[PDB]
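What follows is the residue order along each chain.
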Amino acid sequence: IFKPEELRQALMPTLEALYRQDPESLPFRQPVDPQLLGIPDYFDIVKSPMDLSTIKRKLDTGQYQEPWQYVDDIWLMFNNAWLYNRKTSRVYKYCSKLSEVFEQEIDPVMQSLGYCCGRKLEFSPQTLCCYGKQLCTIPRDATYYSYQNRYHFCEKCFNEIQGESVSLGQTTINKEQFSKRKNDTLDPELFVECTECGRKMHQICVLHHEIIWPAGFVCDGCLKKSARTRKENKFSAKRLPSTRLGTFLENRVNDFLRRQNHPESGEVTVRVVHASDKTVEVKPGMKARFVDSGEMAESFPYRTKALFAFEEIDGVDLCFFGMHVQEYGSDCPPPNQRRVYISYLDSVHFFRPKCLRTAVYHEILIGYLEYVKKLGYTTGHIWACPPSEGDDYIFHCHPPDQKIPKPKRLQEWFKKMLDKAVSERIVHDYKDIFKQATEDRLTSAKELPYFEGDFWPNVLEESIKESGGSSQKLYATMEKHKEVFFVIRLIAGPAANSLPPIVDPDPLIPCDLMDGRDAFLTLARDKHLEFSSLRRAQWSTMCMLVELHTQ
Ligand SMILES: CC(C)(COP(=O)(O)OP(=O)(O)OC[C@H]1O[C@@H](n2cnc3c(N)ncnc32)[C@H](O)[C@@H]1OP(=O)(O)O)[C@@H](O)C(=O)NCCC(=O)NCCS
Ligand SMILES: [Zn+2]
Ligand SMILES: [Zn+2]
Ligand SMILES: [Zn+2]
Ligand SMILES: [Zn+2]
């Protein structure tokens, strides 16, 4: 509890800053009189009225015990006006102007009072899909229909359907049973209370995790007064178990950074966090065509691995790169034998120094190619596909100012990586899929490597059925999409035919969270672990690392 004069003296200047906005302030200076103002339904919408005078009064008369209560009322006033008035209206835009003045005023005042910040924070809104169509989606603030907070429909494709009954999966629900609502909900950030001074701070600002510091949160202010420091965070990236692969990659990266000798470079940590054996099954079209006649294996075994790179930024771990791979060993049947495929990779653009970021991503990929080559994998495979809009390959909720490359830029990026790999004599050469097939004198679809989740298994299903029994347009399909599909020769020619068994020295690593991309995306979504800002990514990394350490 601060002395009421202490609060008044500190906060009143922020309130005056709003008052002295003419004419913007005027609509907010006195309690809304619904009838006088010619608006009867105001209290049907606004259930907790608030205005400057009411706030001034509570402030003058010591009704606030702590400054966030003042901030909450200010924001209640603003949201009341944004709620009742149209986006295009006068009062709405006035309100917006006041809120901007307020945000700028309030932040340094709150910090003067011993707080992390004075900002009002809320999480990004989740994207709502549609059960009506494959990748239909609902837009923020626009109206939609939902059932059991589970089945949602865009206002268009909801009214599309003839009649008054919807079908969810095989049971039938009257339209009247759906909720009509706007996608305008934003969840506030959480606070944690200093156990000594009692100040409430943003959990993400102070990075307090209950598992890491179970004794409780104590702010930096209180710690410094008694010359204390937080107990060490033992749930770090560095303390995750090492592997031969992780070590090899991180040595390559850090040796590169040391050669560059750029100011303010940090050490990179690379960890393999999952390794398990899986199988890809041939889909029904291709299986009817070639498996049932014994021309192709019904399935192919591979090892999947997930790996991540971390850097320390402002004293804290930051996960900035992630990748999953499929590795088809020497025991695997043709056509997949001794091949690696990149399932997906992703990044969060906070790496320092910026001007070595791309270089470092390339070093990770070149190192990985070099490593599997050494094990006796002959060939790498890359599908250059950027994420579609609003999908994330690995990291939930990217920074809005992280641009997503289009296909031509992404293709060139892989080419630049591979060209460096060739000049280092790691990659022998590489070709697009069409040229490679030509060189291999390929004649049938059963000869194409068959990877989990890849383009070619799906397009082959489509092709066989379109042609009513089918390979017919295979060269044409390859030519058409060729720029997107890289085939990378690690071990060339006669040497590729007489190799010893592939023996991976690294053990299996059971981690369900990292068995493919879905589980970590789901976790992140369910726990508001975004990678959309430096501070949120630092929080999300901290939580990810606790999860990886605790199993
Ligand atoms: C693939 C990836 C690691 C490469 O990123 P990168 O090497 O750091 O740099 P990019 O390819 O993003 O692009 C480089 C520059 O183009 C800009 N840029 C990227 N796309 C752009 C676009 N479409 N329009 C305008 N500018 C663009 C970036 O802002 C960057 O500018 P800068 O010189 O200030 O750094 C990263 O783009 C990523 O994680 N992307 C999303 C996932 C993805 O595309 N995965 C592919 C799966 S195969
Ligand atoms: Zn804060
Ligand atoms: Zn729809
Ligand atoms: Zn404190
Ligand atoms: Zn530089």
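Residues numbered from 1 in each chain as written, not as in the entry; some residues may be left out. Chains lettered and ligands numbered in written order. Heavy atoms only, no water.

Going by the header, the method for this PDB entry is X-ray crystallography, and the resolution given is 3.50 Å.

Here the focus is the sheet that holds strand β7 (residues 179-182). Across the sheet, which stays open at both edges, the three strands sit in the order β4-β3-β7 with antiparallel pairing between neighbours. If you trace the sheet from one side to the other, it starts and ends with β4 (151-154) and β7, each paired once. Neighbour-to-neighbour, the strand axes of the sheet open up by a mean angle of 35°, direction not taken into account. Two elements, strand β3 (residues 143-147) and β7, share four bridges in a ladder whose sense is antiparallel. Pairing of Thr 143 across the sheet is with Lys 182, part of β7. (Pairing = 2+ DSSP bridges. Helix = DSSP H or I, 4+ residues; strand = E, 2+ residues; numbered from the N terminus. Axes fitted to C-alpha atoms, helices over the stretch in contact; angles between N-to-C directions.)

Within the secondary structure, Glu 24 is located in the loop between α1 (4-19) and α2 (42-45). The side chain of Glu 24 is buried and forms no salt bridge, while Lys 97, the nearest opposite charge, is found at 4.8 Å. In contact with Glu 24, not counting residues within four places along its chain, are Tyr 94, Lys 97 and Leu 98. (Buried < 20%, exposed > 50% of the residue type's maximum accessible area, 1.4 Å probe, protein only. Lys, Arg positive; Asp, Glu negative; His and termini not counted. Salt bridge = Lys/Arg side-chain N within 4 Å of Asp/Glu carboxyl O. Contact = heavy atoms within 4.5 Å.)

With that out of the way, let us pick up the side chain of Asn 254. Examined against the element boundaries, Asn 254 turns out to sit in helix α9 (residues 244-260). What makes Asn 254 buried here is its relative accessible area of 14%. Engagement of the side chain of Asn 254 in a polar contact is seen with the backbone nitrogen of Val 268, the distance being 2.8 Å. (Polar contact = N/O pair within 3.5 Å; in protein donor to acceptor, adjacent residues only side chain to side chain.)

With that settled, consider the coordination of the zinc ion (ligand 3). Distances from the zinc ion (ligand 3) to its protein donors, namely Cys 130 (SG), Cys 136 (SG), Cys 154 (SG) and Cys 157 (SG), fall within the range 2.1 to 2.7 Å. Geometry at the zinc ion (ligand 3) is irregular, judged from its four donor atoms and the angles of 67 to 168° they form at the metal. Here the donor residues of the zinc ion (ligand 3) share one chain and are spaced in sequence as C-x5-C-x17-C-x2-C. Of the two residues, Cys 130 sits in the loop between β1 (128-129) and β2 (137-138) while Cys 154 sits in strand β4, which places them 24 residues apart along the sequence. The residues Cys 130 and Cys 154 share a single accessibility class, namely buried. (Donors = N, O, S within 2.8 Å, 3.2 Å for Na, K, Ca; no water. Tetrahedral: all angles 85-135°; square planar, octahedral: opposite > 155°, others 65-115°.)

Turning next to the coordination of the zinc ion (ligand 5). Coordination of the zinc ion (ligand 5) by the protein comes from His 262 (NE2) and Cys 355 (SG), over a distance range of 2.4 Å. Remark: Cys 355 occurs in the loop between β13 (339-347) and α11 (357-375) and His 262 occurs in the loop between α9 and β10 (268-281); sequence separation between them is 93 residues. Since its relative accessible area comes to 29%, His 262 is described here as partly exposed.

Moving on: the pairing of β3. For β3, the buried fraction is high: five of the five residues fall into the buried class. On β3, burial covers both faces: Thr 143, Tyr 145 and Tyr 147 on one face and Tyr 144 and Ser 146 on the other are all buried. Here β3 runs beside β4; their pairing, made up of four bridges, is antiparallel. When the sheet's bridge partners are listed, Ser 146 is paired in β4 with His 152. Connecting β3 to the antiparallel partner β4 that follows it, the hairpin turn spans three residues, and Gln 148 within it adopts a positive phi of roughly 55°.

As a further point, take the packing of helix α3 (residues 52-60) against helix α4 (residues 67-84). Axis angle and axis distance: for two packed helices, these are the angle between their axes and the distance between the axes, and together they describe the pair. Close contact between α3 and α4 brings their axes to 10 Å; oriented N to C, the two are set at 170°. Classified by the interaxial angle, the pair formed by α3 and α4 is roughly antiparallel. Contact with α3, carried on its side by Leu 52, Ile 55, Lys 58 and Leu 59, involves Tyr 70, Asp 73, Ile 74 and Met 77 of α4 and no other residues of that element. (Parallel < 35°, antiparallel > 145°, perpendicular 65-115°, else oblique.)

Taken domain by domain, the protein holds domain 1 (1-122), domain 2 (123-183), domain 3 (184-229) and domain 4 (230-466 + 471-551). Computed from C-alpha atoms alone, the centre-to-centre distance between domain 2 and domain 4 is 35 Å. (Domains from an automatic or database assignment.)

Looking now at a positive patch on the surface. Judged by side-chain charge, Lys 403, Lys 406, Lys 408 and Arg 409 come together as a positively charged surface patch. Judged by relative accessible area, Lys 406 falls into the exposed class, the value being 62%. (Patch = residues over 30% accessible without salt bridge, like charges linked within 9 Å, V, L, I, M, F, W, Y side chains within 5 Å. Areas by Shrake-Rupley, 256 points an atom, 1.4 Å probe, with all protein chains shown as cover. Charge placed at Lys NZ, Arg CZ, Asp CG, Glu CD.)

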